[PDB]
Amino acid sequence: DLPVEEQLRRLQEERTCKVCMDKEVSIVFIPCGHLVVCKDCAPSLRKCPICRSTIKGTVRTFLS
Amino acid sequence: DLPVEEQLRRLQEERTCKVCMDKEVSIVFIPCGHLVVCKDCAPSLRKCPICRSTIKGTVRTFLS
Amino acid sequence: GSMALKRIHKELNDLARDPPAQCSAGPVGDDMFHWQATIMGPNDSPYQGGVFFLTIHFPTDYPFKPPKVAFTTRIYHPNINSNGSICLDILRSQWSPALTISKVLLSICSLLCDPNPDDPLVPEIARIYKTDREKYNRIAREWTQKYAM
Amino acid sequence: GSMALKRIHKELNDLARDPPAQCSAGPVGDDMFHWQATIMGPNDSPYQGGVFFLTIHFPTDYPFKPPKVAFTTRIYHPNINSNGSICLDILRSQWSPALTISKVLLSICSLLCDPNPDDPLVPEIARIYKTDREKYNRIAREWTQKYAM
Ligand SMILES: [Zn+2]
Ligand SMILES: [Zn+2]
Ligand SMILES: [Zn+2]
Ligand SMILES: [Zn+2]
């Protein structure tokens, strides 16, 4: 934690999708449990990009 | 979005547990899909605090 | 602490940053679980002008149980009894840990601005309120005069 | 765009804020998909001093496919062929969209610092490297002299 900016650049960067890196993460992978991509990027993936664990489902997150 | 501080106070506040409001949220509710409490607060709850939908399970999130 | 403790400390510490519009609260002694709120009679209710004081008492297992809140000040409102108790949904059945002391004060305020038809705590007052606001508000402001300010 | 496009724009825009230690890259023309990196021969490799240039080519469906990267500069390394191609895990089988152009450059750097035993792209070089570093590094720096700087 160092003054003015960041975390903020970094905080948002921890919260943004890991592949389009534009849209905010929304989807937990089944079974690997990573909350690491946005709704849109998911379909194009067979394996979770983080641990190469293969995706078998999704849970959607509602930060409401 | 207004200068210096916030979102940051607010950004963290969107990301912190909704009941202990100390620990960071980690748990998606089943079936209501809310990612809104930390691992620790969960057990003490029957219904998701947001929509009074009753909890029937949890998915753990790994922001790794 | 904690946990209610470390929670309530944030509660308080936040209510400082962003107080709810019409009022403020806080610990009375070092007992963080016994609080006193002062609520500043909201404009365009028939309580404007007068000041009102409430007593907050956090249960030891707050936030999972709702806090005990009741006016020490006298007040004319169909949903508040002659002994001070408040008749509010969240205070009882609808409570959720997700919601803060700050947030309850607000709903109390809005309750003073808009009382209820199905809830009548004091049926004496409710009936006058139902279809005779004219009369109601007079006694409402009258009490504000006498006891609030 | 996009999407590779709007992605690559961030890539680039970030590589400006936080460039990977030893190097920099960017678009050559307005074709955002054809990039040129310059990598500044890392200290305590036998390539220190000399400068190296690489060519980056993003597939149209990047990030789901890995980018095409190959040295235009000449270099003596068991995992880089006489035609420029790089022999790196992420460049092929291990690629993941989660990882950035920035991140690949880094691993290239670290590859120059530490070549491989099972991977030998050029078996000619690997053998000399295996248990005769003495000799290896001489030719390594020698080439750095001749072609890199
Ligand atoms: Zn995405
Ligand atoms: Zn994973
Ligand atoms: Zn919690
Ligand atoms: Zn819910």
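First to last, the sequence lines map onto chains A, B, C and D. At position 2 of the first sequence (counting the first as 1) the number is 2 in this note's numbering, and the numbers step up by one without a gap. To convert, count from 1 in the second sequence and add 1000; that's this note's numbering. To convert, count from 1 in the third sequence and add 2000; that's this note's numbering. To convert, count from 1 in the fourth sequence and add 3000; that's this note's numbering. The C-beta atom is built at its ideal place from N, Cα and C for all residues, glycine as well.
Is it right to say C/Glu-2011 is buried, meaning 16 or more other beta carbons lie within 10 angstroms of its own, or is it exposed?
Numbered from its first residue, the third sequence carries residue 2011 of chain C at position 11. When all chains shown are included, C/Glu-2011 counts as buried.
Under 9 Å Cβ-Cβ, which residues of chain B neighbour C/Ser-2102?
If you number the third sequence from 1, residue 2102 of chain C lands on position 102. None at all; the shortest Cβ gap to chain B is about 12 Å.
So, does the CB of B/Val-1019 fall closer than 8 Å to a CB anywhere in chain A?
Here residue 1019 of chain B is taken as the residue at index 19 of the second sequence, counted from 1. For B/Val-1019, the answer is no, since every Cβ of chain A falls outside 8 Å of its Cβ.
Using beta-carbon positions only, say whether A/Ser-26 and A/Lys-39 come within less than 8 Å of one another.
The residue given as residue 26 of chain A occupies position 26 in the first sequence. The residue given as residue 39 of chain A occupies position 39 in the first sequence. Yes. Within cutoff.
Roughly how many angstroms separate the alpha carbons of C/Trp-2035 and C/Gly-2029, rounded to a whole number?
Residue numbering aside, residue 2035 of chain C sits at position 35 when the third sequence is read from its first letter. Residue numbering aside, residue 2029 of chain C sits at position 29 when the third sequence is read from its first letter. Their backbone Cα atoms lie some 8 Å apart in a straight line.
Listed by chain order, chain C residues near B/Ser-1053 by CB distance under 9 Å:
Counted from its first residue, the second sequence places residue 1053 of chain B at position 53. Result: empty, since nearest Cβ-Cβ is about 12 Å, beyond 9 Å.
So, does the CB of B/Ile-1050 fall closer than 8 Å to a CB anywhere in chain C?
As a first step, residue 1050 of chain B is located in the second sequence; it is residue number 50 there, counting from the start. Yes, B/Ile-1050 lies at the interface with chain C (some Cβ there is under 8 Å from its Cβ).
How many Å lie between A/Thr-61 and D/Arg-3017 at the Cα?
Working through the first sequence from its first residue, we reach residue 61 of chain A at position 61. Working through the fourth sequence from its first residue, we reach residue 3017 of chain D at position 17. Using only the alpha carbons, I get a separation of about 31 Å.
When the Cα atoms are used, what is the spatial distance from D/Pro-3046 to D/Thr-3060?
In the fourth sequence, counting from the first residue as 1, residue 3046 of chain D sits at position 46. In the fourth sequence, counting from the first residue as 1, residue 3060 of chain D sits at position 60. Using only the alpha carbons, I get a separation of about 36 Å.
Contact between the segment 2053 to 2070 of chain C and the segment 2125 to 2144 of chain C is defined here as three or more beta-carbon pairs at a separation below 8 Å; is this criterion met?
no
Rounded straight-line distance, which links the Cα of B/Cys-1032 to that of C/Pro-2020:
Against the third sequence, residue 2020 of chain C aligns to sequence position 20. Against the second sequence, residue 1032 of chain B aligns to sequence position 32. Using only the alpha carbons, I get a separation of about 30 Å.
CB-CB length for A/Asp-22 against D/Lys-3006, believed under 8 Å
The residue labelled residue 22 of chain A in the question sits at position 22 within the first sequence. The residue labelled residue 3006 of chain D in the question sits at position 6 within the fourth sequence. The Cβ separation is near 6 Å, so the contact holds.
C/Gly-2001 vs C/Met-2149 beta-carbon contact at 8 Å:
Counted from its first residue, the third sequence places residue 2001 of chain C at position 1. Counted from its first residue, the third sequence places residue 2149 of chain C at position 149. Taking 8 Å as the Cβ cut-off, C/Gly-2001 and C/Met-2149 do not qualify as a contacting pair.
As assigned by DSSP and simplified to three states, the class of A/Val-28:
Working through the first sequence from its first residue, we reach residue 28 of chain A at position 28. Three-state result, A/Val-28: strand.
Ignoring anything shorter than 3 residues or poking outside the segment 3066 to 3142 of chain D, list the beta strand (DSSP E) runs there in chain order.
3068 to 3071
Tell me the residue span of the alpha helix (DSSP H) that contains D/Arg-3017.
Within the fourth sequence, the letter at position 17 stands for residue 3017 of chain D. 3004 to 3017 is the extent of the alpha helix (DSSP H) around D/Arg-3017.
Give every residue whose Cβ lies closer than 7 Å to any heavy atom of ligand 3, listed in chain order.
That gives B/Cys-1017, B/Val-1019, B/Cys-1020, B/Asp-1022, B/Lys-1023, B/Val-1037, B/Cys-1038, B/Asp-1040, B/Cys-1041.
Would the beta-carbon of D/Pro-3078 fall within 8 Å of that of D/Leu-3111?
Start at 1 with the first residue of the fourth sequence, and residue 3078 of chain D comes out as number 78. Start at 1 with the first residue of the fourth sequence, and residue 3111 of chain D comes out as number 111. Against a cut-off of 8 Å, the Cβ pair of D/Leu-3111 and D/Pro-3078 comes out as no contact.
Between the C-alpha atoms of D/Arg-3092 and C/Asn-2013, what's the straight-line distance to the nearest angstrom?
Numbered from its first residue, the fourth sequence carries residue 3092 of chain D at position 92. Numbered from its first residue, the third sequence carries residue 2013 of chain C at position 13. Cα-Cα distance, rounded: 53 Å.
Looking only at its chain, what residues have a beta carbon closer than 6 Å to the beta carbon of D/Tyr-3147, apart from the 5 residues adjacent to it on each side?
Start at 1 with the first residue of the fourth sequence, and residue 3147 of chain D comes out as number 147. Once the five neighbours on either side are set aside, the close Cβ partners of D/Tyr-3147 are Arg-3074.
Taking any heavy atom of ligand 4 as the mark, which residues have a C-beta closer than 6 Å to it, listed down the chain?
B/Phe-1029, B/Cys-1032, B/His-1034, B/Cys-1048, B/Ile-1050, B/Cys-1051, B/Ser-1053
Along the segment 1023 to 1046 of chain B, where does the CB come closer than 7 Å to a CB of chain C? Name the residues.
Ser-1044
DSSP three-state call for D/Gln-3048: helix, strand or coil?
On the fourth sequence, position 48 is the one that residue 3048 of chain D refers to. Collapsing the DSSP output to three states places D/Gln-3048 in coil.
D/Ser-3082 burial status per 10 Å Cβ neighbour count (16 or more: buried):
Within the fourth sequence, the letter at position 82 stands for residue 3082 of chain D. Classification of D/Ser-3082: exposed, given that the 10 Å Cβ count is below 16.
Label C/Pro-2117 either buried or exposed according to how many other C-beta atoms from any shown protein chain fall within 10 Å of its C-beta, with 16 as the threshold for buried.
On the third sequence, residue 2117 of chain C is found 117 positions in, with the first residue counted as 1. Exposed, since its Cβ has fewer than 16 Cβ neighbours within 10 Å.
For the alpha helix (DSSP H) that contains A/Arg-15, what are its first and last residues?
For the purposes of this step, residue 15 of chain A is identified with residue 15 of the first sequence, where counting begins at 1. Unbroken alpha helix (DSSP H) run through A/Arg-15: 9 to 15.
Using a Cβ cut-off of 7 Å, pull out every chain A residue sitting near residue 2974 of chain D, in sequence order please.
Nothing about residue 2974 of chain D can be read from this structure; chain D reaches only from 3001 to 3149.
Can you grab the Cα-Cα spacing for the pair A/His-34 / D/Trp-3095, in whole Å?
Residue 34 of chain A sits at position 34 when you count from the first residue of the first sequence. Residue 3095 of chain D sits at position 95 when you count from the first residue of the fourth sequence. C-alpha separation (whole angstroms): 18 Å.
C/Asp-2119 Cβ short of 7 Å to ligand 6 heavy atom set
Among the ligands in the structure shown, ligand 6 does not appear; only ligand 1, ligand 2, ligand 3 and ligand 4 can be found there.
B/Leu-1063 at chain A interface by Cβ criterion, 8 Å
The sequence position of residue 1063 of chain B within the second sequence is 63, counting from 1. With its beta carbon less than 8 Å from one in chain A, B/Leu-1063 belongs to the interface.
Using a beta-carbon distance cut-off of less than 8 Å, what residues from the segment 3062 to 3092 of chain D approach chain A?
Against chain A - using a Cβ distance shorter than 8 Å - the residues of the segment 3062 to 3092 of chain D are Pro-3063, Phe-3064.
Hey, how far is the Cα of D/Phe-3033 from the Cα of B/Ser-1064?
Numbered from its first residue, the fourth sequence carries residue 3033 of chain D at position 33. Numbered from its first residue, the second sequence carries residue 1064 of chain B at position 64. The alpha-carbon atoms of D/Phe-3033 and B/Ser-1064 are separated by roughly 29 Å.
Is it buried or exposed, D/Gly-3026, if we count other Cβ atoms within 10 angstroms and call 16 or more buried?
Residue numbering aside, residue 3026 of chain D sits at position 26 when the fourth sequence is read from its first letter. Looking at its Cβ environment, which holds fewer than 16 other Cβ atoms inside 10 Å, D/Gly-3026 is exposed.
Look up B/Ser-1053 in the DSSP assignment and give the residues it is bridged to.
Taking the first residue of the second sequence as 1, we reach residue 1053 of chain B at position 53. Note: B/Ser-1053 sits in no beta bridge, so no partner.
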